[PDB]
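The chain below stands alone, shown as structure tokens; this is the form deposited in one PDB entry.
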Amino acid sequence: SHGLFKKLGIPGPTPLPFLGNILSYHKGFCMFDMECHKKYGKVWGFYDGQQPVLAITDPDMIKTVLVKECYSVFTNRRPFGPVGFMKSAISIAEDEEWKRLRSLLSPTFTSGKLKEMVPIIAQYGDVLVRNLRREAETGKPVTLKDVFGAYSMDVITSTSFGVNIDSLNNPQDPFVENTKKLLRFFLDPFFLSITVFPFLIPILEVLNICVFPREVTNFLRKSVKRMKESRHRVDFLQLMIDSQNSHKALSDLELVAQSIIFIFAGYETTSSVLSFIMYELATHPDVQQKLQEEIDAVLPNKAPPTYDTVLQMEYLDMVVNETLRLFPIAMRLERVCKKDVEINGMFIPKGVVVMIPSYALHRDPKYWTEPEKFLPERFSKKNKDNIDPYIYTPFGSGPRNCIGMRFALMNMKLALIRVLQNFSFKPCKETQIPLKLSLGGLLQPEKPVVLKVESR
């Protein structure tokens, strides 16, 4: 099927047999999407092994795929590798089964239900401050990945199951051990193989091989059973078991798999984005000072932030949004075409993966002035409405966007406020001023960001 885009009159790199264009992934997903956009223009296609992938960049065409024709045509993402019982997760559920899961879990992420999570989240904001002050009063350079990763674990554990632990200073607890335990290696030899060898995916399903290590899942599967046995609470687990008794209902095996991806998504993202924010704040002290001035103005005398005060901080929203533009951790948005459909004057055949290159759009000079720079002023209210909502898609769009968007934004902002209320961050020895992105399948820096923490 290597002649598809040739017959459709769609440009793209010439694919090799059995490999497609995966050899061009040697500079990471980010660099490959940039070069193809510059060479082939608005629309191009390539191959991940035998799988044809059509990249679209027209905002009207993006809206049709992600919003207008989401339920009818572009409903599911590309099939993942061996998942086992995790096939019931909402992030990989398909068609009607996903629609049931999305509706059953939508009330869990309401703005009203998010308010009640602020007191628990803010509880570990001060825990993070104490962990930073112990490393700041000693003048030790701080790897943000460890402290922010510790903070994100504390928020996820308490918000999901109510478990209250200082993961940074309790790495030996049985709960933190399994949750941290995970293979963190999309361009790893495994995921590169299943691209060339998608036929081997059902092989590993019957072998009971899962991308999730079976030790962690069995611990989490058994742990949730004990918590349900114990069953006021306002955490994710209660909010889902409450929906069980409340359109069909959620099974206790679905409930476990549903909550696992919340930890999956909540843990790695939050910490990674927070480190990306702090690198920019360290390399741009003027933004950090202006953000610190705003944080102190809304919250005098280092006042504890609440749900309402965070949403008032406009520059904090600008700082978060601009960092997400420079570093869209998804790097891509994908939908599988379910049928022969003509959209925006173009024929997309069945089974093709339609891809939206979020990274290549976020740095396209056509839509962003000096895209390679860090300019929070792009998202000021004066310049805010000139941004097309289908070019800047940090959390996706349409019915299948990031369901935990508001929680994640609240969690990171509550973290930034408490940290910036008490500390200022400056570059250190190994700051790596030209921050290099990892050439792998994950949007992370080549080397972990290390900075100096000074007590105000």
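For clarity, a rigid core is taken as the largest C-alpha set superposing within 1.5 Å between two forms. Note that residue numbering follows the sequence shown and begins at 1.
There is also a form deposited in another entry; it is not shown, and the following applies to it.
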Listed options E377, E215, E116, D95; Cα moving by 2 angstroms or more between the shown form and the other one (core superposition): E215
Once you line up the core, how about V176: does its CA shift reach 2 Å between the shown form and the other one? yes
Any chance the CA of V341 moves 2 angstroms or more between the shown form and the other one, core superposed? no
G440 C-alpha shift between the shown form and the other one of 2 Å or more, rigid core reference: yes
